[PDB]
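Residue numbers (UniProt numbering), protein chains in the order written: chain S, 8 to 82; chain W, 4 to 55; chain P, 8 to 335. Using N, Cα and C, we set each Cβ at its ideal position, and we do this for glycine too.
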Amino acid sequence: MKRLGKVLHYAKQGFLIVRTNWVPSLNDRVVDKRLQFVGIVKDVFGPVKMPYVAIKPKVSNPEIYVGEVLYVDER
Amino acid sequence: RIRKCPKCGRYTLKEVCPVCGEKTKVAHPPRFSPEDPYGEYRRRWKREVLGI
Amino acid sequence: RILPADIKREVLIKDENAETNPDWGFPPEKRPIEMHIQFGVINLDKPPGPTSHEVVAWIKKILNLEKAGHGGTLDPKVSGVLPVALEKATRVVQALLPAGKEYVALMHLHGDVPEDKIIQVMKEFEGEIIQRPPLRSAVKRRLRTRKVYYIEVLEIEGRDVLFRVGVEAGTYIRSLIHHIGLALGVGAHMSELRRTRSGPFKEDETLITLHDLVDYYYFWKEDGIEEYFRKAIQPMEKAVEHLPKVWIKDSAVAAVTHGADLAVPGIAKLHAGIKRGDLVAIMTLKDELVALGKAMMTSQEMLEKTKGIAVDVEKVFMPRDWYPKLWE
RNA sequence: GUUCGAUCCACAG
RNA sequence: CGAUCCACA
């Protein structure tokens, strides 16, 4: 359980965007606080000390995750 | 199109240098035909503005 | 606010009694035109349309060069500074590729965003930024990052943003723009892109178009005039103007051109702050480019030491015969 | 980073 | 033998 941060917004290109303080690997699995599958890390970018993260939502309607804290799940 | 101002050098989107008042041209140079169909032509008037 | 090139190094004197024979070599300035060409670089302003290779290809054919190359690829829709080293100077592009670049960009946004926010987000992207996200690893891996030295937003009209950006070699502005757009939600793409700097070469009086370049060359072959064509071509030294330099003495020049590495005792003077492994330009005391190499010592070690190998010579540019064999 | 040519085998006093 | 220069994968 590796806290990413709050979902800033849903991007038109179809990606949840989180600002964070570390670097997730490509394809890490992403979950919410109640622990459910939300999508996968597809891009990391911006300042190394404080990266933006782009998540491909593997969920029906993602626009409902803004404001929500997402987590990466090693195992 | 990215425009350039011939006097100040300044780069702009506008038709009039907001730093040198002058009219702006496109920043990109012109296309170049590799066989340069009309090169001896361009060279003809070029010779007469350099004094050649 | 500026590239690393732009930082001026200090010059340490090692042999303060070192002098140079005017009979040997050729300062860039007083090079005969044909020789000037043989060791030249053109600060070319590439046109939208061709691939960087096609451009060079044309230059080859039109000037009848046996070879040439360019100093950092520009994509076909892109214009601006494209250094083209000719003939015997061709390999100097190696000193250019690593070099910092400056562009002027047009970003088109896919939705509407206030300016206060466009400025603010864009400054998040100055500094060390992430290029390729890492891959899942069982061990601490290397992470791909490039530096953005400065982003200066020039003006904003609506969805269209025009900015100047200085970056480390290997930074894709197309990619920067996409990432920025992603960070503003609406998305974005690159409308236009012009290169305004490539290491030492910039938009100045020496920057010449394909049209002028060919025209000036005809003005020489047909009209017997060398002044214009000469002005279009720069001394390869220019290409090496952003690198740290070790100036050797005349006694050492032919040794280097004959395949010796540069030993400490051959050194007359050097730039401060050379780290082992850095790219260095070895120069004549008349400021001719003798060769490029990797530093095997630091400025300090080079300065203090009295024997040893200072620089591993990698590429030699100067003709074996400009300075006499003075060794052994 | 591997094939035979060319030059040299050079601490620069 | 080793470097550098030149040509070819």
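> Nearest chain S C-beta to residue 116 (chain P) closer than 8 Å, yes or no?
Replying inline: no
> Does the beta carbon of residue 14 (chain W) sit closer than 8 Å to a beta carbon anywhere in chain P?
Replying inline: yes
> Assuming residue 128 (chain P) and residue 191 (chain P) make a contact with CB atoms under 8 Å, what is their CB distance in whole Å?
Replying inline: 6 Å
>> Give me the chain P residues within the contact set of residue 169 (chain S), using Cβ-Cβ distance strictly less than 7 Å, ordered along the chain.
In response: Since the first residue shown for chain S is 8 and the last is 82, residue 169 (chain S) is missing from the structure and cannot be characterised.
> By DSSP, does residue 49 (chain W) sit in helix, in strand, or in coil?
Replying inline: helix
>> So within the UniProt domain "PUA" (250 to 325) of chain P, which uninterrupted alpha helix (DSSP H) runs reach at least 4 residues, ignoring any that extend past its ends?
In response: 257 to 264 and 306 to 311
> Around the Cβ of residue 44 (chain S), are there at least 16 other Cβ atoms within 10 angstroms (buried) or fewer (exposed)?
Replying inline: exposed
>> Is residue 78 (chain S) close to chain P? Criterion is C-beta to C-beta, closer than 8 Å.
In response: no
> Quick one: is residue 33 (chain S) near chain P, going by C-beta distance under 8 Å?
Replying inline: yes
>> Buried or exposed, going by whether 16 or more other CB atoms sit within 10 Å of the CB of residue 48 (chain W)?
In response: exposed
>> For residue 87 (chain P), report the span of its beta strand (DSSP E) as first-last.
In response: 86 to 93
> Opposite residue 26 (chain W) in the DSSP bridges: which residues?
Replying inline: W:19
> Going by DSSP, which residues form a beta bridge with residue 241 (chain P)?
Replying inline: P:48
>> What are the residues in the region 194 to 224 of chain P lying within 8 Å of chain S by C-beta distance?
In response: 194
> Taking DSSP as the reference, what is the three-state secondary structure of residue 122 (chain P)?
Replying inline: helix
>> Under 8 Å, Cβ to Cβ, is there at least one residue of chain W near residue 126 (chain P)?
In response: no
>> What does the Cβ neighbour count give for residue 67 (chain S), buried or exposed, with the cut at 16 atoms within 10 Å?
In response: exposed
> Relative to the alpha-carbon of residue 8 (chain P), which residue among P:160, P:309 and P:232 has its alpha-carbon at the smallest distance?
Replying inline: P:160
> How is the alpha helix (DSSP H) around residue 64 (chain P) delimited, first residue to last?
Replying inline: 59 to 70
> Going by DSSP, which residues form a beta bridge with residue 158 (chain P)?
Replying inline: P:172
>> Do residue 7 (chain W) and residue 28 (chain W) have their beta-carbon atoms positioned less than 8 Å apart in this structure?
In response: yes
>> Rounding to the nearest angstrom, what Cα-Cα distance links residue 210 (chain P) and residue 204 (chain P) in this structure?
In response: 7 Å
>> Quick check on DSSP: helix, strand or coil for residue 228 (chain P)?
In response: helix
> Do you know whose CA, among P:322, P:196 and P:157, lies nearest residue 264 (chain P)'s CA?
Replying inline: P:322
>> Assuming contact is defined by CB atoms lying nearer than 8 Å, are residue 137 (chain P) and residue 155 (chain P) in contact in what I supplied?
In response: no
> So which residues of chain S does residue 134 (chain P) contact, with C-beta pairs closer than 7 Å?
Replying inline: 54
> Under a three-way DSSP split, which group does residue 52 (chain S) fall into?
Replying inline: strand
> Is residue 75 (chain P) helix, strand or coil when you go by DSSP?
Replying inline: strand
> So, is the C-beta of residue 82 (chain P) closer than 8 Å to a C-beta in chain W?
Replying inline: no
>> Which complete beta strand (DSSP E) runs does the region 27 to 72 of chain S hold, if anything under 3 residues is left out?
In response: 36 to 38, 44 to 54 and 59 to 64
>> Any C-beta of chain P within less than 9 Å: which residues of the region 22 to 51 of chain S qualify?
In response: 22, 24, 26, 30, 31, 32, 33, 34, 35, 48, 49, 50 and 51
> In its own chain, which residues sit with a C-beta less than 8 Å from the C-beta of residue 65 (chain P), not counting the 5 before and 5 after it?
Replying inline: 57 and 217
>> Does the structure place the region 161 to 178 of chain P close enough to the region 103 to 120 of chain P that three or more beta carbon pairs sit under 8 Å?
In response: yes
> Quick one: is residue 49 (chain W) near chain P, going by C-beta distance under 8 Å?
Replying inline: yes
> For residue 335 (chain P), which of P:275, P:262, P:280 and P:317 has the nearest alpha-carbon?
Replying inline: P:262
> From which residue to which residue does the alpha helix (DSSP H) around residue 205 (chain P) run?
Replying inline: Segment 195 to 205 is the beta strand (DSSP E) holding residue 205 (chain P); no alpha helix (DSSP H) there.
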